[PDB]
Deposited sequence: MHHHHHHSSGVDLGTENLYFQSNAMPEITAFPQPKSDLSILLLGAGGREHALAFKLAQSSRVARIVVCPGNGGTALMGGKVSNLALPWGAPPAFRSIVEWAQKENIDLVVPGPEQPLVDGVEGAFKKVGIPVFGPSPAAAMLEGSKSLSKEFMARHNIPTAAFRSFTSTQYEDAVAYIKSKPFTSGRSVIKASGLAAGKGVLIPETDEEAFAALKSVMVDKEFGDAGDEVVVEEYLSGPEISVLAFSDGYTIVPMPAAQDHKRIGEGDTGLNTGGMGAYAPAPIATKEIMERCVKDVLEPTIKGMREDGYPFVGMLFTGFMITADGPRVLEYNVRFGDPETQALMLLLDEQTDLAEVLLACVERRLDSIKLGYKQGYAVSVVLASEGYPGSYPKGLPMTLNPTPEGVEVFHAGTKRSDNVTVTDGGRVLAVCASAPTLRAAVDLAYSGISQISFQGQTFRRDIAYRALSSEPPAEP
């Protein structure tokens, strides 16, 4: 008979956000996992203990990543799960591939779905994937980019200027568009990311997040989620990396989800094989549900934050997340158990004073026992001399699941009362527009 599946695995998580803590949270429950390493991790992972440990080590500059690749090789790491976008787009998968350590994530080429907006938009058009009308330009084509706006190409009358590299501007009028083109192509306020620019139609409608596991052939979606990008209540103010999320998003009806899967996800996975670079890992597709149907705003090639903190709470207790991740890199996703419990899940972010602007770091945090069904996943936190202190803009996320969305919302906000740090900020209306 075939050998027993190794049940003392060592997994290396790259990153230090709440996505990592939430992933470490689930992976640590697998009976097939004996060691979880979070590089660098944060104050939350630092307190888990047991199988989880933080590794304060640099990754090393791309494309080699020699520091962490050599460390992983000497430690017999069985799997690497990159969280952030930069290492994937920079090619961390190829670095670990050269030492025979598998990676839950896309190859350097497949990662271009998020690394190059220009390539991603071309990919969508070539495969008839519904997205906003667009035209891509290089930094030297600044003259053409101006003429393109001067011709009024978009029916909506508004354009979106995106820097292809690792960022997005929405000029309310043409005047702001011409200025936004010189700030990215001439002055290059975003660096090399502005070497190419995407100009596409501004679309109106609510947004949803669809996360799906992929092994290059099989793709298994998770319940659709919705995120709150803006800092101010009522969906106003400057944008952030995400102040809170919930799932399943009621707006993603059976018919809507069928369209996303059949018209985007599966054509995307098939298209990547046809183009010669199959996609393995977590495909995060950001949709806008317009009056004419779903539209792909952007591809993200890894777990989302804070969508993951909520979705991890919807994995049924029969699902082993470790088994799911290995089934993806081993190309057997269609032959494993993977289900989702009933009810809803919510994540509410606590941020530092000033975020998304300038904020101070290092404030001591008071963390009292949270209600029974509340899970606190740390993002920008750190341990220092037996005390957890803030260490980033988004500090942590208070998350909960429950049979009803309102109960999950109320439970999450119940855990907020047990957390306190100077200048803590959060939105009180997470998931309000769905209740």
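- If you line the structure up with the deposited chain, the stretches without a C-alpha atom are 1 to 29, 196 to 199, 469 to 476.
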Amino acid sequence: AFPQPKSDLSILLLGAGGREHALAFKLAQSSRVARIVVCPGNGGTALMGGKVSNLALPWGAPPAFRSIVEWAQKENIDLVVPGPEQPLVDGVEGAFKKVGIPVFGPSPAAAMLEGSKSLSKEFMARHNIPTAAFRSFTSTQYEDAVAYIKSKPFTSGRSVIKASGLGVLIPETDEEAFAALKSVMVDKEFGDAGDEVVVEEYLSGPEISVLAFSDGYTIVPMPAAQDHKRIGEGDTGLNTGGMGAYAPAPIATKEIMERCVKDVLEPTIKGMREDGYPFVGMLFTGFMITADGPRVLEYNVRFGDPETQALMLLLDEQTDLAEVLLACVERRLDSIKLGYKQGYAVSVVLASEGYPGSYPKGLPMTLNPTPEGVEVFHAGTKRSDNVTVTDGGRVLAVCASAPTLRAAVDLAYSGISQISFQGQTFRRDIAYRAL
From here on, numbers count along this sequence of modelled residues.
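- The stretch with the higher mean CA B factor, choosing between 210 to 218 and 140 to 148, is 140 to 148.
- Stretch comparison (154 to 162 versus 302 to 310) by mean CA B-factor in the PDB entry places 154 to 162 on top.
- Per the PDB record, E196 has a higher Cα B-factor than any other of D263, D275, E255, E196.
- Of the candidates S120, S204, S107, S347, the deposited coordinates give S204 the top C-alpha B factor.
- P171: CA B factor lies in the highest third for its chain, per the PDB record.
- Sort the modelled residues of the chain by CA B factor and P267 lands in the middle third.
- Among all modelled residues in its chain, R66 ranks in the highest third by Cα B-factor.
- Among all modelled residues in its chain, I251 ranks in the lowest third by Cα B-factor.
- Compared with the other modelled residues of the chain, the Cα B-factor recorded for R332 ranks in the lowest third.
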